[PDB]
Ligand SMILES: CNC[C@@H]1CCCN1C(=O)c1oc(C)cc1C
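Below you'll find only one chain, the form deposited without the ligand, shown as structure tokens.
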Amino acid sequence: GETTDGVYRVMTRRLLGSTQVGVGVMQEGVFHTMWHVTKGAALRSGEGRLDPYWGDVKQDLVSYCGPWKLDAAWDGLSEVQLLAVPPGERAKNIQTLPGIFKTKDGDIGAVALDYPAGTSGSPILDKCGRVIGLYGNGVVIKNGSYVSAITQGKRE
């Protein structure tokens, strides 16, 4: 299969036509996505098979072929870019200043950008192009708009 680094669409042929259920990042031979996109199922890349390696429903993350590789973090000050990959649409970078999700266990960055459900797994990047987290797990605020957490795993 294609192991080249980059952003990939996660597709299915189970439903009507070819449907995009999410997005992910290939880095250092490992495919990273959100748990709710694949529910931990195996993936296909051409003729090759990608088997899950690590996952966690609470963090809402999963890695394939190896351990989670992404460890860059939002610095808490600078603007970032959502590299949105919407269903049937070209990859597009959107710049934004993240807000904050304050929890009983600490704070996390959050991006107030609204996209179709099948955009889950799109990477959020810093100015060096490093992936600081994935887009697609968050909350709906008073005005009905969507705010996603900047979800990052841990590199062992």
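All residue numbers refer to positions in the sequence shown, first residue = 1.
From this point on, the text means the form deposited with the ligand bound, which you will not see here.
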Using a 4.5 Å heavy atom cut-off, state whether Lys39 contacts the ligand in the deposited complex. yes
Looking in the deposited complex, any heavy atom of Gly99 within 4.5 Å of the ligand? no
Taking 4.5 angstroms as the cut-off for heavy atoms, does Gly55 touch the ligand in the deposited complex? yes
